[PDB]
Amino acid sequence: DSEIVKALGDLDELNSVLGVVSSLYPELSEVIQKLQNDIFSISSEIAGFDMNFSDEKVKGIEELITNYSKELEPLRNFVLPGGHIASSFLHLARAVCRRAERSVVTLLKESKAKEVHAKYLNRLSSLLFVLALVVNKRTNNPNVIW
């Protein structure tokens, strides 16, 4: 499937931007490597393997979204990528993750992916957004608003 290879390709780019983020903001290495691990596992299942990837994974993202949000304050306006370099790469990560989300959904409608795959990616982009806001807040970088 040219569709399968596309999805895998979007996933590889995502894992790569994630590594960039990790390299720039080591403090989040532990959390980002776990997300990268999950992406590789998702990639392996789409490729034909079976890691028994379950919904527990998605709830795990939800939990992170919640715990990191406790540091943030209200999305007053719309945020434009900016601030700390790592924050800007988290935005890039969010965008690539969303592209990978569209690709996985495409395979999902043909039964070549699991709903948990598309769902995990759906929550992941949200978490990536929260992490960009977190980086700017910890490093005292104002977010850029529209």
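Position 1 is the first residue in the sequence shown; the rest follow in order.
Chemist: Which wins on mean Cα temperature factor, 120 to 128 or 11 to 19?
Modeler: 120 to 128 has the higher mean C-alpha B-factor.
Chemist: Of the two stretches 102 to 110 and 82 to 90, which shows the higher Cα B-factor on average in the entry?
Modeler: Higher mean C-alpha B-factor: 102 to 110.
Chemist: Sort the modelled residues of this chain by their C-alpha B factor and say whether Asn52 lands in the lowest, middle or highest third.
Modeler: Middle third by C-alpha B-factor.
Chemist: By the record's CA B-factor, is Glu115 among the lowest, middle or highest third of residues in the chain?
Modeler: According to the entry, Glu115 has a C-alpha B-factor in the chain's highest third.
Chemist: If you rank every modelled residue in this chain by C-alpha B factor, which third holds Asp38: lowest, middle or highest?
Modeler: Its C-alpha B-factor, which the entry lists for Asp38, ranks in the lowest third among residues of this chain.
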